[PDB]
Structures are given as structure tokens and as C-alpha cells.
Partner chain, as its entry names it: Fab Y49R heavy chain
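Next up: a single chain in C-alpha cells, the form solved without its partner chain.
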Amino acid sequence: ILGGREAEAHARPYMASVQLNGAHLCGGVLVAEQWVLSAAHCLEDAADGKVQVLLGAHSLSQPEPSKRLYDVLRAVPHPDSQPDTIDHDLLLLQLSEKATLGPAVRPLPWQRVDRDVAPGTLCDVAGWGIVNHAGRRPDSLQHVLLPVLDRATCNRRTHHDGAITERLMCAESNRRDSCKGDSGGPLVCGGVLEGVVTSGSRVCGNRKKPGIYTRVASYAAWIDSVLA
């Protein structure tokens, strides 16, 4: 997260750290008892590395009563995802057992109504991604509030030049933004999961290259199918 602040420990009990070989790789969001939603590009190149999900965490390094590392029974990228496209960038991780719930571990309700958020809606994005241009990695969860940017602005030739489909949404990226290590994480608007961070457009903090987020509601039937 660029331009953000340290999040209140455990105040987003849905937040997950997707880990590769014991290091944070991507964000994710607990959406069901046994399933975490993240981005397909996160595992594009993971090959047979050890993929785990850390729930209940604020600090990546320090012990906390609610922090538990889960193994992954199955990783389900969206079948239409591809390296080098921006579209369909969702991944569902089935934990090896149901998560133990509590005040610091809870699934986030997610948007099934397929309609756009109002322009400027202030949505919350959190993550353990880099926090400056040098690439510093924070130990603890960071977050920023970002206003939703209407799709027409986002599709201007000066911006993303027509690449924002109805299944994607944007948020402003003026210095405050999601960044590397934040993909897969949640864009939460009005207390409900609306979007998943994507890296499809990799630059961070350039206002003319808004954040892109995958609209969960657009993929409701796919999420439901895989969950069940």
C-alpha cells in the first residue's frame, strides 16, 4: 500500500496473507469457512512451491493468539485467466480444513448484486505490499481509503484506454494506491467485498493509471460453483 497508514490490528478479520515458501506473496480475503479469494496472477509462476494462507494476522513475524497458518488443499484459478491479460483475475484457495472463527477471523460478506458502486464511494483496501518506491515491505497490515473512479474516466485514452470492461472497476491512484504484494486483496465498500485488487496494470501511485479491481459480483456464479 502506498500512501497508507498502519491498520488497527485485527479490525479486518477477513484479511488473508497468501504465502509462498513462508513469505507473504499476495493479499486474499476469507469468503467462506474453508475458502479464500485472491488473484490468479499470484500463482502464475508458483510452480510446486508451498502455498499457505495466514489468517488472523496483523504482524507477519510476531506471534498473535488469533494468527494461524493454513495449508491449501486446492488452488482454483479462474479458467479464463491468463498471464498477460487483465481479465478474470480471480483465484479461490480451499484451506485444508475449515478456519477457526472468532473476533479476529471472520468471512467477509461479498457483493452478489451486479451493479456499479456510486462514483466516489470511499472503499477500503488493505495489504502487506510495498510501502514506498524503494520497495520496503511492512511487517504489519497497512490500509488506505480510495474513492471509486467511474469507468468512463478510467477508460479514457489518457488512462486505461478502453481496457476496463463491465467486470472491472477502478479507484483513484493519486499517490495513495495498492501496489506490489497487495494484489488479491479486498476492496471493501459499504462493509461488503466489491472488488479484488489486480496487478494487471502494474504501476503504483500514478493518477493516470488508476487502480483496477475485479468485480466479485460479476463472477458470483463462478464463486458459488467453486465454493460448493
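Between two forms, the rigid core is defined as the largest C-alpha subset superposing within 1.5 Å. Numbering follows the first chain given and starts at 1.
Greater average departure of CA atoms from the shown form, over structures and residues in 7 other deposited structures of this protein after a core fit, characterises 192-200 among 33-41 and 192-200. Between 156-164 and 23-31, the larger root mean square Cα shift in 7 other deposited structures of this protein, once each structure is superposed on the rigid core, falls on 156-164. In this entry, 112-120 has the higher mean Cα B-factor, the comparison being between 112-120 and 71-79.
In this entry, 95-103 shows the higher mean Cα temperature factor of the pair 122-130 and 95-103.
The PDB entry gives the largest Cα B-factor of the residues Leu30, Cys26, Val53, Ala47 to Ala47. Within the listed group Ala163, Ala171, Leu168, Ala39, the record reports its top CA B-factor for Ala163. Annotation for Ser17: CA B-factor lies in the lowest third of the chain's modelled residues. Among all modelled residues in this chain, the alpha-carbon of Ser61 has a temperature factor (C-alpha) in the highest third. Ranked against the other modelled residues of its chain, the C-alpha B-factor of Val192 as given in the entry falls in the middle third. Among all modelled residues in this chain, the alpha-carbon of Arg157 has a temperature factor (C-alpha) in the highest third. When the modelled residues of the chain are ordered by C-alpha B-factor, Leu146 sits in the middle third.
Absent from the display: the form solved in complex with its partner chain. The rest refers to it.
Site annotation in the entry with it bound: the residue of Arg137, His133, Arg156, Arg74 reaching within 4.5 Å of its partner chain with a heavy atom is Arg156. Its partner chain in the entry with it bound comes within 4.5 Å of no heavy atom belonging to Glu64.
Using a 4.5 angstroms limit between non-hydrogen atoms, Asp124 is distant from its partner chain in the entry with it bound.
In the entry with it bound, its partner chain lies within 4.5 Å of some heavy atom of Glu166. Its partner chain in the entry with it bound is not approached by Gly49, whose heavy atoms all lie more than 4.5 angstroms from it. In plain terms, the part of the chain that comes close to its partner chain in the entry with it bound, with a heavy atom within 4.5 Å, is 157-165 out of 157-165, 176-184, 37-45, 50-58.
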